[PDB]
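Following: one structure in structure tokens, then a few remarks.
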Amino acid sequence: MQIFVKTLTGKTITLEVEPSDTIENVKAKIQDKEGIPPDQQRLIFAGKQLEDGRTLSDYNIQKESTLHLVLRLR
Amino acid sequence: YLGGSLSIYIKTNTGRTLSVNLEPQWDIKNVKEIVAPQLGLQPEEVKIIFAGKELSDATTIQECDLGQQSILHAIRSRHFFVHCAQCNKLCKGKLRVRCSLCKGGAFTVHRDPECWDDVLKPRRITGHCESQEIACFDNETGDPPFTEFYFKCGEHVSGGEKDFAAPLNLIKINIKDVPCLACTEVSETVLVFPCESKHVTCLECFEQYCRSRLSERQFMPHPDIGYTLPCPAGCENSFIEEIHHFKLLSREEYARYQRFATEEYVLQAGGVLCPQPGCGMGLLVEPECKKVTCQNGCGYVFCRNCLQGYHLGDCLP
Amino acid sequence: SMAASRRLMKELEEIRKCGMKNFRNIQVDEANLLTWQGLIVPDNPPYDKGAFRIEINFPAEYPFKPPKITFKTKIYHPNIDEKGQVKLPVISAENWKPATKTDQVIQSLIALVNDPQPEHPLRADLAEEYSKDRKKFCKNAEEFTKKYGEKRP
Ligand SMILES: [Zn+2]
Ligand SMILES: [Zn+2]
Ligand SMILES: [Zn+2]
Ligand SMILES: [Zn+2]
Ligand SMILES: [Zn+2]
Ligand SMILES: [Zn+2]
């Protein structure tokens, strides 16, 4: 199944990922397709930050849910 | 009553998959006496599993709450509500189960909970699995994984292996003809609010209330829960703890909920938005750092204390 | 705009059949359902048997958002603005339950009129006046309310 990651700009990116995948995996895919540093990425869905350790299935992400991207300079 | 005839897939312990279509009123014992000569096993040997329960030999096929192109399994041994991506309107959901270790189905569940029960937690019950010659073991792991449930839309054709939907646990059939608070209009399908008083609202009012509290960024913020809504009456500790209910509203009305939630999260957590038009990029800069870049974006540098171009001198106006 | 306007209409109907003496002359312009006109006759002496004309506009989100009330007839009263706007605690968005019926709110407004509250004034001068001196306040009040407002038998 597929999901959408969306920078506030409007730049929508389509990523194939399965429910039982950690946030770390998604981060790795996003950064692989764009070039972001792994640490700089903070995924936010419905106003809550997604913990690297947990999975998408723990947050009940549907087909084509929008996981907005926020970038942490740090 | 369109067709009546049902078509069903059957996945055995072995890799083979068998497509068989039946009439909804055949005995499950008969189905066993049909599957047995299908693979060559004896009729006395076959145990059939579906959604976790050891199927009664006498029960009717139609009784099983079964849709189309669904899957049952076999072995030689001897009123829900969900939101669908394809179906915008919420549909009656069906409950299936999958093994945590091998990510497969066809296992027996120990408790079989009816309704209004403790559920939706990663760790609950362990069960025996058929796949991989009964090799689903937790004895070695120590860290305990468990049989986990999932829901499917029952109004249309489904893909048995991985199809799922969002469960809306706050939506019930009006079994006691309870009137909606907002309209005093008894609706067959309603939503129950998490407060003590058990306030209830129909779907029209869910939508109107949401889309009214939405344009002005009025969603109450809880860290763990998310950006949710308070009770219509404003009852304490009555925040919708599963957000997906908002999907009752369509693309615009809900995606904008997502966007606004993200923006407000960025704003309150200390992060700053992007001033360059049509960027809105939220960049969580380390509190002390005061040079703002736009990571993988418009690279415009602003003071953050002025929302203007990068200036060395302090911004007085 | 469905379970909203229809509820509003139902409330309107019940208010119509409930021809309570204090609130009379209901005028709902058939064009816009969201605006009402009314005429209120207080029993108390400061506004004695003088009908005051009010207008009630309901939001497009009526069931979940408090309606607003303005006074087309000028009135000398502390909790009432010069423009005609009114500060009613039952209305104010800080504490307004959706289930609250229109007639209850109207009754609350009437109660507010009969006995003014100087605790939270929109018009400070009148509040200090009424708090400190009542008789001169009552003189100005009765004078003004006989000067403006159409009497009704
Ligand atoms: Zn569906
Ligand atoms: Zn298994
Ligand atoms: Zn309703
Ligand atoms: Zn409540
Ligand atoms: Zn930018
Ligand atoms: Zn500056």
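Scheme for the structure tokens: letters A, B, ... for chains in order shown; per-chain residue numbers from 1; ligand numbers from 1 in order shown.
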
Using only C-alpha atoms and all ligand atoms, which protein or nucleic acid residues are at most 9 Å from ligand 2, as a short mmCIF file (atom, residue, chain, number, x, y, z; two decimals) with C-alpha atoms, in the first residue's frame?
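And here's out12.cif as it stands now:
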data_model
loop_
_atom_site.label_atom_id
_atom_site.label_comp_id
_atom_site.auth_asym_id
_atom_site.auth_seq_id
_atom_site.Cartn_x
_atom_site.Cartn_y
_atom_site.Cartn_z
CA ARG B 98 -3.45 -11.71 11.89
CA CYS B 99 -0.44 -13.37 13.53
CA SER B 100 2.14 -10.90 14.83
CA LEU B 101 5.24 -12.99 14.08
CA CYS B 102 4.63 -14.23 10.52
CA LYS B 103 2.11 -11.53 9.54
CA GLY B 104 -0.39 -14.17 8.45
CA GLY B 105 -3.83 -15.43 9.42
CA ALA B 106 -5.68 -18.68 10.15
CA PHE B 107 -5.02 -18.96 13.91
CA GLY B 127 -2.72 -18.21 19.72
CA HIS B 128 -1.57 -21.25 17.74
CA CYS B 129 -0.68 -20.67 14.07
CA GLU B 130 -1.06 -23.05 11.11
CA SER B 131 1.44 -21.46 8.71
CA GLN B 132 5.07 -22.64 8.62
CA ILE B 134 3.24 -24.43 13.55
CA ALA B 135 6.48 -22.49 14.02
CA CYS B 136 5.03 -19.33 15.54
CA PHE B 137 6.84 -19.45 18.88
CA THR B 147 -2.52 -11.96 17.82
#

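The residue set within 7 Å of residue 121 of chain C, counting only C-alpha atoms and dropping same-chain residues fewer than 3 places from it, reads residues 78, 79, 118, 124 and 127 of chain C.
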
Go ahead and save the picked residues with C-alpha atoms, as a compact mmCIF listing (two decimals), in the first residue's frame.
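Written out: part09.txt:
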# COMPACT_ATOMS: atom_id res chain seq x y z
CA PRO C 78 -25.54 49.32 32.16
CA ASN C 79 -25.17 45.86 30.58
CA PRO C 118 -23.11 46.06 37.67
CA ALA C 124 -19.38 51.75 33.14
CA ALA C 127 -23.11 50.75 36.33

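Within 7 Å of residue 282 of chain B, once only C-alpha atoms are used and residues closer than 5 positions along the same chain are dropped, the contacting residues are residues 70 and 71 of chain A; 266, 271, 272, 273 and 274 of chain B.
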
Take the selection from the previous step and output its residues with N, CA, C and O atoms, as a PDB file, in the first residue's frame.
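Saved file again.pdb follows:
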ATOM      1  N   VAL A  70       8.232  18.001   8.654  1.00  0.00           N
ATOM      2  CA  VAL A  70       8.822  19.147   9.332  1.00  0.00           C
ATOM      3  C   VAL A  70      10.316  18.882   9.458  1.00  0.00           C
ATOM      4  O   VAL A  70      10.717  17.759   9.724  1.00  0.00           O
ATOM      5  N   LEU A  71      11.143  19.898   9.246  1.00  0.00           N
ATOM      6  CA  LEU A  71      12.585  19.682   9.235  1.00  0.00           C
ATOM      7  C   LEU A  71      13.281  20.298  10.446  1.00  0.00           C
ATOM      8  O   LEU A  71      13.151  21.491  10.718  1.00  0.00           O
TER       9      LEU A  71
ATOM     10  N   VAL B 266       3.858  22.787  14.793  1.00  0.00           N
ATOM     11  CA  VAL B 266       5.106  23.492  14.531  1.00  0.00           C
ATOM     12  C   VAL B 266       5.174  24.791  15.327  1.00  0.00           C
ATOM     13  O   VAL B 266       6.189  25.094  15.954  1.00  0.00           O
ATOM     14  N   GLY B 271       8.859  25.855  16.650  1.00  0.00           N
ATOM     15  CA  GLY B 271       9.199  25.961  15.240  1.00  0.00           C
ATOM     16  C   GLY B 271       8.631  27.195  14.564  1.00  0.00           C
ATOM     17  O   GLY B 271       7.703  27.825  15.071  1.00  0.00           O
ATOM     18  N   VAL B 272       9.201  27.543  13.412  1.00  0.00           N
ATOM     19  CA  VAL B 272       8.817  28.748  12.676  1.00  0.00           C
ATOM     20  C   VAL B 272       8.503  28.419  11.212  1.00  0.00           C
ATOM     21  O   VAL B 272       9.180  27.595  10.590  1.00  0.00           O
ATOM     22  N   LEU B 273       7.462  29.060  10.678  1.00  0.00           N
ATOM     23  CA  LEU B 273       6.986  28.831   9.307  1.00  0.00           C
ATOM     24  C   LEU B 273       7.844  29.564   8.276  1.00  0.00           C
ATOM     25  O   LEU B 273       8.713  30.357   8.641  1.00  0.00           O
ATOM     26  N   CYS B 274       7.603  29.314   6.992  1.00  0.00           N
ATOM     27  CA  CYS B 274       8.407  29.955   5.951  1.00  0.00           C
ATOM     28  C   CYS B 274       7.702  31.169   5.338  1.00  0.00           C
ATOM     29  O   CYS B 274       6.630  31.030   4.756  1.00  0.00           O
TER      30      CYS B 274
END

All residues 7 Å or closer to residue 8 of chain A, only C-alpha atoms, same chain fewer than 6 positions away omitted, as a PyMOL selection string = chain B and resi 279-281

Requested write-out: C-alpha atoms of the selected residues, as a tab-separated table (two decimals), in the first residue's frame:
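Below you can see out-v1.tsv, which holds the result:
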chain	number	residue	atom	x	y	z
B	279	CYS	CA	6.16	27.57	1.26
B	280	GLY	CA	4.80	27.45	4.81
B	281	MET	CA	7.65	25.09	5.69

Name all residues at most 9 Å from residue 306 of chain B (count only C-alpha atoms; drop same-chain ones fewer than 2 positions away) and give them as a list in words.
-> residues 302, 303, 304, 308, 309, 315, 316 and 317 of chain B

Please write out the residues within 9 Å of ligand 5 as a PyMOL selection string, counting only C-alpha atoms and all ligand atoms.
-> (chain A and resi 9) or (chain B and resi 273-283+293-300)

Based on the selection just made, write N, CA and C atoms of those residues as a PDB file, in the first residue's frame.
ATOM      1  N   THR A   9       4.781  23.118   1.505  1.00  0.00           N
ATOM      2  CA  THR A   9       4.816  23.794   0.216  1.00  0.00           C
ATOM      3  C   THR A   9       3.707  23.321  -0.716  1.00  0.00           C
TER       4      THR A   9
ATOM      5  N   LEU B 273       7.462  29.060  10.678  1.00  0.00           N
ATOM      6  CA  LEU B 273       6.986  28.831   9.307  1.00  0.00           C
ATOM      7  C   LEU B 273       7.844  29.564   8.276  1.00  0.00           C
ATOM      8  N   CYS B 274       7.603  29.314   6.992  1.00  0.00           N
ATOM      9  CA  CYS B 274       8.407  29.955   5.951  1.00  0.00           C
ATOM     10  C   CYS B 274       7.702  31.169   5.338  1.00  0.00           C
ATOM     11  N   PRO B 275       8.311  32.359   5.450  1.00  0.00           N
ATOM     12  CA  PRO B 275       7.705  33.616   4.988  1.00  0.00           C
ATOM     13  C   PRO B 275       7.572  33.713   3.468  1.00  0.00           C
ATOM     14  N   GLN B 276       8.500  33.113   2.730  1.00  0.00           N
ATOM     15  CA  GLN B 276       8.414  33.107   1.274  1.00  0.00           C
ATOM     16  C   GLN B 276       7.090  32.488   0.854  1.00  0.00           C
ATOM     17  N   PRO B 277       6.363  33.161  -0.050  1.00  0.00           N
ATOM     18  CA  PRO B 277       4.995  32.776  -0.420  1.00  0.00           C
ATOM     19  C   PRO B 277       4.876  31.324  -0.875  1.00  0.00           C
ATOM     20  N   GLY B 278       3.809  30.660  -0.440  1.00  0.00           N
ATOM     21  CA  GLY B 278       3.521  29.295  -0.844  1.00  0.00           C
ATOM     22  C   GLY B 278       4.560  28.280  -0.414  1.00  0.00           C
ATOM     23  N   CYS B 279       5.201  28.524   0.724  1.00  0.00           N
ATOM     24  CA  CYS B 279       6.165  27.575   1.257  1.00  0.00           C
ATOM     25  C   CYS B 279       5.642  26.986   2.559  1.00  0.00           C
ATOM     26  N   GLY B 280       5.360  27.853   3.529  1.00  0.00           N
ATOM     27  CA  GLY B 280       4.798  27.446   4.806  1.00  0.00           C
ATOM     28  C   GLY B 280       5.596  26.404   5.572  1.00  0.00           C
ATOM     29  N   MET B 281       6.799  26.105   5.091  1.00  0.00           N
ATOM     30  CA  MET B 281       7.655  25.088   5.690  1.00  0.00           C
ATOM     31  C   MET B 281       7.948  25.364   7.159  1.00  0.00           C
ATOM     32  N   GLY B 282       7.598  24.421   8.027  1.00  0.00           N
ATOM     33  CA  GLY B 282       7.886  24.572   9.442  1.00  0.00           C
ATOM     34  C   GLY B 282       9.256  24.024   9.791  1.00  0.00           C
ATOM     35  N   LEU B 283      10.158  24.888  10.248  1.00  0.00           N
ATOM     36  CA  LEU B 283      11.507  24.443  10.591  1.00  0.00           C
ATOM     37  C   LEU B 283      11.832  24.611  12.073  1.00  0.00           C
ATOM     38  N   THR B 293      17.366  29.132   8.052  1.00  0.00           N
ATOM     39  CA  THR B 293      17.478  28.707   6.660  1.00  0.00           C
ATOM     40  C   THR B 293      16.167  28.050   6.269  1.00  0.00           C
ATOM     41  N   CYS B 294      16.073  27.588   5.026  1.00  0.00           N
ATOM     42  CA  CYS B 294      14.947  26.768   4.596  1.00  0.00           C
ATOM     43  C   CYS B 294      15.465  25.446   4.040  1.00  0.00           C
ATOM     44  N   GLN B 295      15.564  24.451   4.919  1.00  0.00           N
ATOM     45  CA  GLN B 295      16.098  23.138   4.572  1.00  0.00           C
ATOM     46  C   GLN B 295      15.353  22.531   3.392  1.00  0.00           C
ATOM     47  N   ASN B 296      16.094  22.236   2.328  1.00  0.00           N
ATOM     48  CA  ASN B 296      15.522  21.676   1.109  1.00  0.00           C
ATOM     49  C   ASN B 296      14.340  22.502   0.615  1.00  0.00           C
ATOM     50  N   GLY B 297      14.545  23.809   0.501  1.00  0.00           N
ATOM     51  CA  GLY B 297      13.479  24.712   0.113  1.00  0.00           C
ATOM     52  C   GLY B 297      13.977  26.032  -0.438  1.00  0.00           C
ATOM     53  N   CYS B 298      13.320  27.120  -0.043  1.00  0.00           N
ATOM     54  CA  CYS B 298      13.561  28.432  -0.640  1.00  0.00           C
ATOM     55  C   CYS B 298      14.734  29.200  -0.029  1.00  0.00           C
ATOM     56  N   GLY B 299      15.466  28.561   0.882  1.00  0.00           N
ATOM     57  CA  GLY B 299      16.693  29.110   1.443  1.00  0.00           C
ATOM     58  C   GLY B 299      16.712  30.565   1.893  1.00  0.00           C
ATOM     59  N   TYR B 300      15.540  31.166   2.065  1.00  0.00           N
ATOM     60  CA  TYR B 300      15.463  32.564   2.476  1.00  0.00           C
ATOM     61  C   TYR B 300      15.750  32.669   3.966  1.00  0.00           C
TER      62      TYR B 300
END

Which residues form the shell of 10 Å around ligand 1 when you count only C-alpha atoms and all ligand atoms, given as a list in words?
->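 The neighbouring residues of ligand 1 are, in order, residues 82, 83, 84, 85, 86, 87, 88, 89, 90, 91, 92, 93, 152, 153, 154, 155, 156, 157, 158, 163, 164 and 165 of chain B.
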
Tell me the residues of chain B close to chain C, meaning within 7 Å using only C-alpha atoms, as an NGL selection string.
-> :B and (181-183 or 204-205 or 209 or 212 or 232-233)

Assign secondary structure with DSSP using the backbone only, and return the residues of segment 53-112 of chain C in helix (DSSP H, G or I) as a list in words.
->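 Secondary structure check on segment 53-112 of chain C, helix (DSSP H, G or I): residues 62, 63, 64, 102, 103, 104, 105, 106, 107, 108, 109, 110, 111 and 112 of chain C.
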
Could you save those same residues with C-alpha atoms as a PDB file, in the first residue's frame?
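This went into selection_23.pdb:
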ATOM      1  CA  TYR C  62     -26.422  27.921  15.265  1.00  0.00           C
ATOM      2  CA  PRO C  63     -26.449  24.651  17.256  1.00  0.00           C
ATOM      3  CA  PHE C  64     -22.778  24.970  18.228  1.00  0.00           C
ATOM      4  CA  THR C 102     -33.978  30.000  22.735  1.00  0.00           C
ATOM      5  CA  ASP C 103     -36.840  30.712  25.150  1.00  0.00           C
ATOM      6  CA  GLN C 104     -34.584  30.033  28.140  1.00  0.00           C
ATOM      7  CA  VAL C 105     -32.086  32.552  26.780  1.00  0.00           C
ATOM      8  CA  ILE C 106     -34.873  35.085  26.213  1.00  0.00           C
ATOM      9  CA  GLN C 107     -36.113  34.571  29.773  1.00  0.00           C
ATOM     10  CA  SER C 108     -32.546  35.066  30.992  1.00  0.00           C
ATOM     11  CA  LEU C 109     -32.370  38.326  29.038  1.00  0.00           C
ATOM     12  CA  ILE C 110     -35.661  39.493  30.546  1.00  0.00           C
ATOM     13  CA  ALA C 111     -34.352  38.657  34.022  1.00  0.00           C
ATOM     14  CA  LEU C 112     -31.193  40.614  33.197  1.00  0.00           C
TER      15      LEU C 112
END

Using only C-alpha atoms, determine which residues lie at most 10 Å from residue 60 of chain A, disregarding the query and same-chain residues fewer than 2 positions distant; provide the list as an MDAnalysis selection string.
-> (chainID A and resid 19 55:58 62:63 65) or (chainID B and resid 164:167 242:244)

So that I have them on file, write out the residues from the current selection with C-alpha atoms, as a PDB file, in the first residue's frame.
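Okay, this is what ended up in selection12.pdb:
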ATOM      1  CA  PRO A  19       1.687  -0.849   8.172  1.00  0.00           C
ATOM      2  CA  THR A  55       5.340   1.852  13.643  1.00  0.00           C
ATOM      3  CA  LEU A  56       2.720   3.293  11.293  1.00  0.00           C
ATOM      4  CA  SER A  57       0.231   0.646  12.401  1.00  0.00           C
ATOM      5  CA  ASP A  58       0.406   1.952  15.970  1.00  0.00           C
ATOM      6  CA  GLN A  62      -4.767   4.457   6.312  1.00  0.00           C
ATOM      7  CA  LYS A  63      -4.258   4.167   2.570  1.00  0.00           C
ATOM      8  CA  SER A  65      -2.939   9.326   4.653  1.00  0.00           C
TER       9      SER A  65
ATOM     10  CA  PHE B 164      -7.966  -2.683   6.035  1.00  0.00           C
ATOM     11  CA  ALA B 165      -9.917   0.358   7.202  1.00  0.00           C
ATOM     12  CA  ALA B 166     -10.087   2.855  10.059  1.00  0.00           C
ATOM     13  CA  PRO B 167     -12.310   1.653  12.935  1.00  0.00           C
ATOM     14  CA  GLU B 242      -8.851   8.320  18.010  1.00  0.00           C
ATOM     15  CA  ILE B 243      -8.705  11.069  15.409  1.00  0.00           C
ATOM     16  CA  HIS B 244      -9.739   9.038  12.342  1.00  0.00           C
TER      17      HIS B 244
END

Give the residues of chain A that lie within 10 Å of chain B; count only C-alpha atoms, and format the answer as a CSV table (one decimal) with C-alpha atoms, in the first residue's frame.
chain,number,residue,atom,x,y,z
A,1,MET,CA,0.0,0.0,0.0
A,6,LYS,CA,3.7,16.4,2.2
A,7,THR,CA,6.0,19.3,2.7
A,8,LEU,CA,3.9,22.4,3.6
A,9,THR,CA,4.8,23.8,0.2
A,10,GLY,CA,2.5,21.4,-1.6
A,11,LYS,CA,5.3,19.1,-2.9
A,18,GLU,CA,3.5,-1.4,4.8
A,19,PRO,CA,1.7,-0.8,8.2
A,20,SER,CA,4.2,-2.8,10.2
A,34,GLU,CA,15.0,13.6,-1.6
A,35,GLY,CA,18.3,13.8,0.2
A,36,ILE,CA,17.4,15.0,3.7
A,37,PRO,CA,19.6,14.1,6.7
A,40,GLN,CA,16.5,16.5,10.4
A,41,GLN,CA,13.2,14.8,9.6
A,42,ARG,CA,10.3,15.1,11.9
A,43,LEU,CA,7.1,13.4,10.6
A,44,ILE,CA,3.9,14.9,11.9
A,45,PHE,CA,0.4,13.5,11.4
A,46,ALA,CA,-2.7,15.3,12.9
A,47,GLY,CA,-0.4,17.6,14.9
A,48,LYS,CA,1.6,14.9,16.8
A,49,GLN,CA,5.2,14.0,16.2
A,57,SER,CA,0.2,0.6,12.4
A,58,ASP,CA,0.4,2.0,16.0
A,59,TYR,CA,-1.0,5.3,14.7
A,60,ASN,CA,-3.5,3.5,12.4
A,61,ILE,CA,-2.3,5.1,9.1
A,62,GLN,CA,-4.8,4.5,6.3
A,63,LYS,CA,-4.3,4.2,2.6
A,64,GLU,CA,-3.0,7.5,1.3
A,65,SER,CA,-2.9,9.3,4.7
A,66,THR,CA,-1.0,12.6,4.6
A,67,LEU,CA,2.2,12.5,6.8
A,68,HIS,CA,3.3,16.1,6.8
A,69,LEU,CA,7.1,16.8,6.9
A,70,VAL,CA,8.8,19.1,9.3
A,71,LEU,CA,12.6,19.7,9.2
A,72,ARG,CA,14.7,19.9,12.4
A,73,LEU,CA,18.0,21.8,11.8
A,74,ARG,CA,19.3,20.9,15.2

Filtered DSSP result for segment 72-292 of chain B, state strand (DSSP E), as a PyMOL selection string | chain B and resi 72-76+82-83+93-98+148-153+166-167+171-173+189-192+200-202+220-222+226-228+283-284

Selection file, C-alpha atoms, as an mmCIF file, in the first residue's frame:
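After the write, result-v8.cif holds the following:
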data_model
loop_
_atom_site.group_PDB
_atom_site.id
_atom_site.type_symbol
_atom_site.label_atom_id
_atom_site.label_comp_id
_atom_site.auth_asym_id
_atom_site.auth_seq_id
_atom_site.Cartn_x
_atom_site.Cartn_y
_atom_site.Cartn_z
ATOM 1 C CA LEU B 72 -11.360 -19.308 4.712
ATOM 2 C CA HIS B 73 -8.793 -21.915 5.771
ATOM 3 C CA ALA B 74 -8.698 -25.650 6.547
ATOM 4 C CA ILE B 75 -6.424 -28.250 8.171
ATOM 5 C CA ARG B 76 -6.157 -31.993 8.824
ATOM 6 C CA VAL B 82 -15.354 1.712 9.837
ATOM 7 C CA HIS B 83 -14.250 4.394 7.381
ATOM 8 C CA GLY B 93 -17.115 -3.255 9.179
ATOM 9 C CA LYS B 94 -15.991 -6.863 9.576
ATOM 10 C CA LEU B 95 -13.293 -8.046 11.980
ATOM 11 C CA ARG B 96 -10.400 -10.293 10.942
ATOM 12 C CA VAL B 97 -7.175 -11.338 12.668
ATOM 13 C CA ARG B 98 -3.453 -11.710 11.894
ATOM 14 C CA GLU B 148 -3.686 -8.609 16.451
ATOM 15 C CA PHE B 149 -7.047 -7.649 14.954
ATOM 16 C CA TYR B 150 -8.004 -5.495 11.964
ATOM 17 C CA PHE B 151 -11.118 -4.305 10.128
ATOM 18 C CA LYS B 152 -12.418 -4.475 6.552
ATOM 19 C CA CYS B 153 -15.139 -2.583 4.664
ATOM 20 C CA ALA B 166 -10.087 2.855 10.059
ATOM 21 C CA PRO B 167 -12.310 1.653 12.935
ATOM 22 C CA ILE B 171 -20.112 5.379 16.351
ATOM 23 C CA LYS B 172 -23.043 3.173 17.377
ATOM 24 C CA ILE B 173 -26.473 2.111 16.139
ATOM 25 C CA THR B 189 -26.721 5.814 13.326
ATOM 26 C CA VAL B 190 -25.107 8.140 15.873
ATOM 27 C CA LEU B 191 -21.845 8.946 17.646
ATOM 28 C CA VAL B 192 -21.266 8.527 21.379
ATOM 29 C CA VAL B 200 -24.536 11.708 21.568
ATOM 30 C CA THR B 201 -24.626 13.423 18.170
ATOM 31 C CA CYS B 202 -25.762 12.345 14.703
ATOM 32 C CA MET B 220 -8.278 21.626 21.295
ATOM 33 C CA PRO B 221 -4.665 20.387 21.614
ATOM 34 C CA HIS B 222 -3.716 17.267 23.616
ATOM 35 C CA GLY B 226 -3.639 14.922 19.022
ATOM 36 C CA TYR B 227 -5.547 17.988 17.850
ATOM 37 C CA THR B 228 -9.050 16.814 18.700
ATOM 38 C CA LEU B 283 11.507 24.443 10.591
ATOM 39 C CA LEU B 284 12.196 23.502 14.211
#

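Contacts with ligand 4 are defined as any residue atom within 6 Å of a ligand atom, using only C-alpha atoms and all ligand atoms; the residues meeting this criterion are residues 195, 197, 199, 231, 233 and 235 of chain B.
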
Skipping near chain neighbours, those fewer than 4 positions away, what residues fall within 8 Å of residue 67 of chain C using only C-alpha atoms, listed as an NGL selection string?
-> :C and (56-59 or 62 or 91)

Residue subset to file, keeping N, CA, C and O atoms, as a PDB file, in the first residue's frame:
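So the final result, stored in result-v3.pdb, reads:
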ATOM      1  N   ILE C  56     -32.554  39.324  16.891  1.00  0.00           N
ATOM      2  CA  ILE C  56     -31.701  38.191  17.227  1.00  0.00           C
ATOM      3  C   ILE C  56     -31.152  37.538  15.966  1.00  0.00           C
ATOM      4  O   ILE C  56     -31.905  36.929  15.206  1.00  0.00           O
ATOM      5  N   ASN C  57     -29.848  37.657  15.736  1.00  0.00           N
ATOM      6  CA  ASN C  57     -29.254  36.987  14.588  1.00  0.00           C
ATOM      7  C   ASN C  57     -28.470  35.746  15.014  1.00  0.00           C
ATOM      8  O   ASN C  57     -27.607  35.798  15.897  1.00  0.00           O
ATOM      9  N   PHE C  58     -28.815  34.627  14.385  1.00  0.00           N
ATOM     10  CA  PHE C  58     -28.194  33.335  14.636  1.00  0.00           C
ATOM     11  C   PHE C  58     -27.124  33.051  13.591  1.00  0.00           C
ATOM     12  O   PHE C  58     -27.305  33.356  12.413  1.00  0.00           O
ATOM     13  N   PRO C  59     -25.999  32.468  14.020  1.00  0.00           N
ATOM     14  CA  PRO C  59     -24.928  32.099  13.089  1.00  0.00           C
ATOM     15  C   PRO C  59     -25.357  30.975  12.150  1.00  0.00           C
ATOM     16  O   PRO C  59     -26.374  30.322  12.391  1.00  0.00           O
ATOM     17  N   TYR C  62     -25.571  27.649  14.105  1.00  0.00           N
ATOM     18  CA  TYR C  62     -26.422  27.921  15.265  1.00  0.00           C
ATOM     19  C   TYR C  62     -26.349  26.901  16.416  1.00  0.00           C
ATOM     20  O   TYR C  62     -26.230  27.308  17.569  1.00  0.00           O
ATOM     21  N   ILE C  91     -25.351  33.674  26.912  1.00  0.00           N
ATOM     22  CA  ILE C  91     -24.930  33.685  25.517  1.00  0.00           C
ATOM     23  C   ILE C  91     -23.420  33.505  25.369  1.00  0.00           C
ATOM     24  O   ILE C  91     -22.977  32.587  24.681  1.00  0.00           O
TER      25      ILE C  91
END
